Protein chains: 4
Amino acid sequence: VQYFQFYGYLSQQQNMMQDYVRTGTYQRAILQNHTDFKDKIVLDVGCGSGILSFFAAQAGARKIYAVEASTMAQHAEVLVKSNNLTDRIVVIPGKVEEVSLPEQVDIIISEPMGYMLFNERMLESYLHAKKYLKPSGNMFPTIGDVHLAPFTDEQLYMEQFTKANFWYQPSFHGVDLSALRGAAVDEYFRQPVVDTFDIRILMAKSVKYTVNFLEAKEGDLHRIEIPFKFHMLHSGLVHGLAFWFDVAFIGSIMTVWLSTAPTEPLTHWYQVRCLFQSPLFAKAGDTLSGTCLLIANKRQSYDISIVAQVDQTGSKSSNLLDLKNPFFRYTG
Amino acid sequence: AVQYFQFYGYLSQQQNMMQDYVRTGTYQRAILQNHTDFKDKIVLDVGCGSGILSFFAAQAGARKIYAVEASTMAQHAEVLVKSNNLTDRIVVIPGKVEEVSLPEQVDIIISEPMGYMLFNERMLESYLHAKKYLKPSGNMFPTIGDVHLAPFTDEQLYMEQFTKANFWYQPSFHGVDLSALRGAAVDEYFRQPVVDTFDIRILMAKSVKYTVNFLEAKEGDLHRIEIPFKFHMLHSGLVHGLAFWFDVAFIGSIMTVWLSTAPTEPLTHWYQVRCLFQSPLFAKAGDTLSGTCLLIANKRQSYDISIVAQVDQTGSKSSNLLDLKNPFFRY
Amino acid sequence: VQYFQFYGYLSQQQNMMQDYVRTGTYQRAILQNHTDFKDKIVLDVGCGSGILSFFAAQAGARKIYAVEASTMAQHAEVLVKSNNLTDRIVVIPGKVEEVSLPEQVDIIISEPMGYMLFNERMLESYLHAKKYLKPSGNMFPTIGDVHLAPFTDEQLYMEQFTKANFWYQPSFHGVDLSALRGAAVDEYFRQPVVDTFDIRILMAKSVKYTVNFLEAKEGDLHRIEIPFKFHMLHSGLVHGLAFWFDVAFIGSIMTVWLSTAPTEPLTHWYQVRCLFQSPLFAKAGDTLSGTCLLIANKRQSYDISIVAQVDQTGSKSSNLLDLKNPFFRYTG
Amino acid sequence: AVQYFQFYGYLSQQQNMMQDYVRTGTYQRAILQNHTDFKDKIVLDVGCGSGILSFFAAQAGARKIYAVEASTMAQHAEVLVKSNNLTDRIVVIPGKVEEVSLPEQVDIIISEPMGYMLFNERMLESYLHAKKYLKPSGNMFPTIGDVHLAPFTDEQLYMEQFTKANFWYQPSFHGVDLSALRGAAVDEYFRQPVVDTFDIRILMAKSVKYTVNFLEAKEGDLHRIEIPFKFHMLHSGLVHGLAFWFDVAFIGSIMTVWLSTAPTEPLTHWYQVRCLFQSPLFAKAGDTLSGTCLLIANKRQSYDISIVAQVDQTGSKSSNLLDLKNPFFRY
Ligand SMILES: Nc1ncnc2c1ncn2[C@@H]1O[C@H](CSCC[C@H](N)C(=O)O)[C@@H](O)[C@H]1O
Ligand SMILES: Nc1ncnc2c1ncn2[C@@H]1O[C@H](CSCC[C@H](N)C(=O)O)[C@@H](O)[C@H]1O
Ligand SMILES: Nc1ncnc2c1ncn2[C@@H]1O[C@H](CSCC[C@H](N)C(=O)O)[C@@H](O)[C@H]1O
Ligand SMILES: Nc1ncnc2c1ncn2[C@@H]1O[C@H](CSCC[C@H](N)C(=O)O)[C@@H](O)[C@H]1O
């Protein structure tokens, strides 16, 4: 509930700000689309530091309502004063779903993307605020693609068992821990892995899943069924699925893309890998079918259910992951 | 706290404490080498986690061990009690020690309730709370706890933190002035305790110690903890803040056994904790550096931490707040 | 059979030579006992480089027969020539048990000590050569003590399981290896550990076992029964037994000791630890009883059988070790 | 050799080869990615050890795999075949490939018969021997093997080895002259191949490669192996000897896959092998350094290795023997 404490620290805000791909692209998108802003009314949902509102101001917006739920709002307000933008940017402390704007807006801007795009469940707030949009008003970003794909990583699916095996000692300071080995394995396999990777570990082309923020409703995000049918370009043991995302700022003048793909430069979102507990053997030619099912939970996250089978063999694999507790493997 | 008990509910977290040999092994050495403190006795383990301390209790020859765990871990602990044929003797009791009801009074309580700076997490309150089940002449493991503090010089540390805050002194970041929050940035980062280890060379005075005798302290003593100090400086330099570590003593019937987190001793998972002054104090050898640490307990289960210090000679004062909720693990 | 190749390399000879405790003590022992040598006849069994014969020459021996089985003999001969000792030192290529000396000798010198003293089984050659000793002739060294004692080392008994657990992977490149986990554990526990250690890991005073080279027969070394009864000075988990040895040069003038104890400086013999596969819990006061049984085998070594029980509990432990394949844990 | 087969009889030794991911993983990639070379075929694994290559064979869709192991390991391999339900398809056959009798001819032989310098251990002879069970148009894994060699400069190496031998140039060691064997000491140590890795910067010329096509070579070809070379020097310096590494290619029906032990490639358990000259040769850039490696097979299952080299410009020759029986593992 109070993960807003997390967003209160300037250090956390700094982290996002310093992601040049993230913050630069946002700026590019807005100023390169100045007509979507010149003397328009704006809603910045979750402004934090304010940076996005400050960009909307650069592009000529008349009025920008910058809503922030955390105590980061106080510093947003201090910033609007020293920049002398009190005439154009209004900070509103609170949640979008609880505060009241004095006016309908022309465009909504926000950076509500989490790991796997959906993590933190802020996109539901983004959508929630369409209640303030003027009809035919725009949203920045406008759409998001989630990509997923099969990977082969033997060493990653091995770290998992090497770790768990602490619990396979028959005499730790004289205690037999081996009865707990199974539960340890299970814990590590419930953890989505956060780092990047060589793109060569991929075994099929991604399949994408599109959310259009102009059309989608707040409740479309409680249950995200991602059906997949892969056509394996390479033979090997498949150790799980890799996920990444792209967002799109469709402006009047131009479409700008902010991509978090293994191919584009690295961002603070890295990529997310979900291991299978049973590797599937596939060969080039085969189809890897299943569905990835994302079920919104109480801890502002998603229960991930991944069912996959190789159509030719028929051998199958099913895994359940806990997105609120990931493993950050990124070191260098 | 809901998040605190979820934390110790992950096997990975229990494994990490267990994997710390110095900790895990000292406890065993403590328990086993004063077996008389256990042989044929009734034991209480407060927050037994994996169950590891109660097993050591069983090895010493205890008769009955009540192992209270409040996390999910309760269930995993009981599995281990079965697979080890200690169903005999180890009764896993799910819940908080405050809330459960043991059927009996105990000859000795054992526990590992320590956090960074000794007091972090505030489990010593629970540990002392459980004294209500302690018999007269009943021992405790640990028995006492010394907190040590000493002034340090480490400019690299100071710059490292300072330069982070100095992100917020920019005249235009993508054409945006952040300098107004320059102040607030320094405040926040320097509220952070740096957790890592260091070469003892960086220390500039014998440490003052603060002793808490667990046999005698009430739960409410820990609500306000006031640590005065007087450092007789031993080297001239910039004083960049304070380093904190703790020792713990298992005063047994046969032997005392220490578990230390001193920078001079072998490294543990607690590492050491340094706080930083926003601006270093200048001190000469032979000078006196004095002040107090105030540790006010709070709703949210920390720790509002205050450190005022002044070089008496020059009257150079420095006051600091510490946000134990936001450590900077520099390792 | 042809481990004599090993002793052919000058590098291997150098290694022993460079052990200052070993080579210095030998020298000290001989010259400090010059009367045992002045104009006496000597047999150096396994002279290698010759170093010991060269010491006997320094102490005034009339005649020294230096027997060497390996091709190291050729270099021994080259060395006797350049030192100009052809008059006093005779190199005889071959085994003691196969060559023939031209004469009975007054003293036998040799360094036939191996790991745990007995390893390599050269002491049987040392004893074998008593057939050349003049009655009331002496032997250098004269006696050896083997010491053993209980130790506590949790981390050492843990390396063993952490290693074995490679074999506890359910899917290594897709193969389940776990059926072989037991045999892996067994292999590591059959391996005596060679390094040194802090003496504080000891839990009882050593018990010694004495061989007197003046009296012992070649066949007393095929079967070495070492009965032990320890009185635990400390409480803890006992993870096996530590072994080390001492030898004694009992001269007319003086007894010199060459000690390989954890307390004396480190030598190239280090110390040998044998882990139990089941740790025994003991407390100060308790007796740790059992026998260590050393049974000479085909690979010029010893099968070690260690039976131990704690008398108070009655819980017992039995282990079998393979001395021809040790694990050298010594690094720094 | 009795000692060679005892060596691969220890699980620890099999584990060490398996743990080498580059090796173990390249083979898998090789087998699995040209599955057609296996799908529904009859396979021979020569010296299967743990059984690991035959399992990959099974995964590719083979029909019958004859896995010959000569060590104790035969028994452990069969255990794994049972616990994996591949009793179906993997027939463990104890003994040497030379001595056993397979009931059938095979569509493809697979093996990992490589040692340091490719040829060490001499198992390529066994590998090629097994061609007698190979059908016509039958493939082999690996198919070919390139040996690479190139001159290197590394004075630290040269001194390190030299200073060891210089123990034997002492006028009196505990009053004893060893200098007479000074010569013989240098001989011995410099017969040793140094096994470890190195920065590619130390190499002074493009490597010449020596290709052995396994599809075509008879067992007796490997008895005398003569490797001529001509290095067009690329830097002036002291030439301290030669570095040797090998690559191996799995020429499949779908793809070629290389497994390299190049100093430019990721490190493997074979590391790289350098030989040392007793005295370095001096060479200028643009100079030609030429000579030959002679590798004469011998009773005792090595390797008598000869290396003569001369800087043509100056006529500076250097001849060396290499004792593959005595490597100096400098890692
Ligand atoms: N439901 C909600 N209502 C108001 N603010 C919210 C919110 N959910 C998340 N936020 C805030 O939105 C911020 C998201 S991080 C984005 C920071 C800033 N917009 C930037 O682009 O750099 C956090 O500070 C968070 O506290
Ligand atoms: N008030 C309380 N009542 C019961 N258990 C508590 C508690 N406060 C903390 N704990 C539990 O006690 C454990 C402390 S960590 C120590 C674990 C274990 N005794 C060991 O030595 O490794 C955690 O599992 C935590 O969940
Ligand atoms: N049975 C035997 N007959 C002759 N020489 C033997 C032998 N058994 C072992 N040796 C030789 O004795 C040597 C033992 S190492 C001792 C070297 C030398 N005496 C010194 O003290 O430095 C080896 O060189 C070995 O080859
Ligand atoms: N001539 C021969 N006949 C049968 N097996 C042999 C052999 N020469 C060597 N071997 C065995 O083949 C193995 C080579 S090591 C390779 C092991 C396994 N194929 C892997 O890839 O990991 C050893 O176990 C060795 O004992």
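Here chain D follows Swiss-Prot, giving residues 147-477 in order.
Per the header of the entry, the method used was X-ray crystallography, 2.7 Å.
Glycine too: its Cβ is placed from the backbone N, Cα and C atoms.
When D:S217, D:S353, D:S452 are looked up in Swiss-Prot, the one carrying the note phosphoserine is D:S217; the rest have no such note there, which does not rule it out for them. Checking the ranges D:177-210, D:347-380, D:415-448 against Swiss-Prot, the region 'Required for nuclear translocation' annotation falls on D:347-380. Local packing around the Cβ, expressed as the count of other Cβ atoms within 10 angstroms, is greatest for D:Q160 among the recorded positions D:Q160, D:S217, D:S272. Proximity to chain A, taken as a Cβ less than 8 Å from one of its Cβ atoms, holds for none of the recorded positions D:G193, D:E215, D:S217, D:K228, D:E244.
Secondary structure counts, DSSP: the region 'Required for nuclear translocation' (D:347-380) has 7 helix, 16 strand, 11 coil. A distance of 26 Å separates the Cα atom of D:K228 (ubiquitin cross-link) from that of D:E244 (S-adenosyl-L-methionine binding site). Rounded to the nearest whole angstrom, the C-alpha distance between D:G193 (S-adenosyl-L-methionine binding site) and D:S217 (phosphoserine) is 8. Note on D:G193 (S-adenosyl-L-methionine binding site): other Cβ atoms within 10 Å of its Cβ, all shown chains, come to 22.
In three-state terms derived from DSSP, D:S272 (S-adenosyl-L-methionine binding site) belongs to a helical segment. Taking the C-alpha positions, the distance from D:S217 (phosphoserine) to D:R169 (S-adenosyl-L-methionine binding site) comes to 21 Å. Note on D:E215 (S-adenosyl-L-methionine binding site): other Cβ atoms within 10 Å of its Cβ, all shown chains, come to 28.
In this view, D:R169 (S-adenosyl-L-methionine binding site) is surrounded by 19 other Cβ atoms within 10 Å of its Cβ, with every protein chain counted. Checked against ligand 4, the recorded positions D:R169, D:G193, D:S217, D:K228, D:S272 give D:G193, D:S217, D:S272 in sequence order as having a Cβ less than 6 Å away from one of its atoms.
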